[PDB]
Amino acid sequence: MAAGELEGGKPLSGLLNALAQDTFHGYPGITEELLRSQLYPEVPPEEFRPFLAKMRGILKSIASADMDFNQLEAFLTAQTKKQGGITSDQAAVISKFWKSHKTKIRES
């Protein structure tokens, strides 16, 4: 209640974004210890994993696997069926992992 939400909607929305630790070589902008400070300054660069226990499946999918739209859409169903998993509040922002960058992007 007072610790089961992770800041708010801002982090969960840019979680898979911050988590970007190993893209291909490592950008001078994003960093492992930076991902937390990026959106979740409350979580430490060590106790972040336990929270990712429900936000890690998407990490290895976008970062370690790098997927596209229509591919992760069906993957999120796993985040809402797994042992406990996340709630409709979280799945709401995560399900956007491919629409947040494929809507008002180039507009065509």
# chains A, B, ... in the order shown; residues from 1 in each chain; ligands from 1
call {"tool": "residues_around", "arguments": {"residues": "range 48-57 of chain A", "least_positions_apart": "5", "cutoff": "10 Å", "atoms": "only C-alpha atoms", "output": "list in words"}}
result
residues 4, 5, 6, 12, 15, 16, 19, 35, 36, 40, 42, 43, 62, 75, 76, 78, 79, 80, 82, 83, 84, 85, 86, 87, 90, 91 and 94 of chain A
call {"tool": "residues_around", "arguments": {"residues": "residue 72 in chain A", "least_positions_apart": "6", "cutoff": "9 Å", "atoms": "only C-alpha atoms", "output": "list in words"}}
result
residues 58, 61, 62, 95, 97 and 98 of chain A
call {"tool": "closest_residue", "arguments": {"among": "A:103, A:88, A:38, A:13", "to": "residue 69 in chain A", "atoms": "only C-alpha atoms"}}
result
A:103
call {"tool": "residues_around", "arguments": {"residues": "residue 41 in chain A", "least_positions_apart": "4", "cutoff": "12 Å", "atoms": "only C-alpha atoms", "output": "ChimeraX atom specification"}}
result
/A:6-8,10-11,18,33-37,45,47-48
call {"tool": "atom_distance", "arguments": {"atom1": "CA of residue 71 in chain A", "atom2": "CA of residue 101 in chain A"}}
result
14.4 Å
call {"tool": "atom_distance", "arguments": {"atom1": "CA of residue 1 in chain A", "atom2": "CA of residue 93 in chain A"}}
result
19.0 Å
call {"tool": "closest_residue", "arguments": {"among": "A:17, A:46, A:3, A:24", "to": "residue 96 in chain A", "atoms": "only C-alpha atoms"}}
result
A:17
